[PDB]
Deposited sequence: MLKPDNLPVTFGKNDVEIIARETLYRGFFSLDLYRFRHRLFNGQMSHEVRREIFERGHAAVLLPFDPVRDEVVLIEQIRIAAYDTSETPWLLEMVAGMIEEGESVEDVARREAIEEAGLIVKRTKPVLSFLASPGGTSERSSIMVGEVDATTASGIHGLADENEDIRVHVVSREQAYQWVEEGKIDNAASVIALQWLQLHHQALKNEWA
């Protein structure tokens, strides 16, 4: 038979038992309660543990990058939840969209690039996929870098709710360091780009 998969952690998916899932509140996004038992590091089985989980979904995130002009296209839009801990709820972000049945991360990213920023992506490349806050939410965001021509930017579909900004990669990175760009998807994407722009520029050359 097959050998088991290698894991970087101690226990795998088979070492936990999801006893039950109950909806605590059902709205656009449901807040659920998971009842489960899992192996402890000391070898013993746990009691039943209960956790409230915000079932948010799965998102596609696209970093529009122009390797020739070394620029990034950012979108400005309001994220009301940022109101209580930010100076302004209008954030500079990446192209993004929720992924539904039968859709791929790439399909959503390309479609969002057109709807939100009026950009037509060329080559795309998988970057990273992260869990926004796994202690309380199931959300998972997959990031891809999209090859674009920043000339075609700076009139898009959602132009009254979304404003497009074309800036140098270095300017964008600087804003992250200064804390002027602080939403997870953007920070991760821009740090990744700052760590890999040369190779990506040569790859797409």
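- Counting from residue 1 of the deposited sequence, the single stretch lacking C-alpha coordinates in this chain is 155-158.
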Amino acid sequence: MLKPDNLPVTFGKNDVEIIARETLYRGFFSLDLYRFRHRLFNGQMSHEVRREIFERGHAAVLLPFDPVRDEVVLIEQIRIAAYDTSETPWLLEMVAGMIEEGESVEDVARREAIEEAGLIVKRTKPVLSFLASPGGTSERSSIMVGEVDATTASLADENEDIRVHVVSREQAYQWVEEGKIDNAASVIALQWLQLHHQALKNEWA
From here on, numbers count along this sequence of modelled residues.
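- Stretches compared: 13-21, 179-187. Higher mean C-alpha B-factor in the entry: 13-21.
- As listed in the deposited structure, the average C-alpha B-factor of 127-135 and of 110-118 is greater for 110-118.
- Within the selection 166, 53, 45, 60, the deposited Cα B-factor values reach their highest point at 45.
- Compared with the other modelled residues of the chain, the Cα B-factor recorded for residue 27 ranks in the highest third.
- When the modelled residues of the chain are ordered by their C-alpha B factor, residue 172 lands in the lowest third.
- Annotation for residue 140: C-alpha temperature factor in the lowest third relative to the rest of the modelled chain, per the entry.
- Remark: residue 160 belongs to the highest third of its chain, ranked by C-alpha B-factor as recorded.
- Per-chain ranking of the deposited C-alpha B factor places residue 149 in the highest third.
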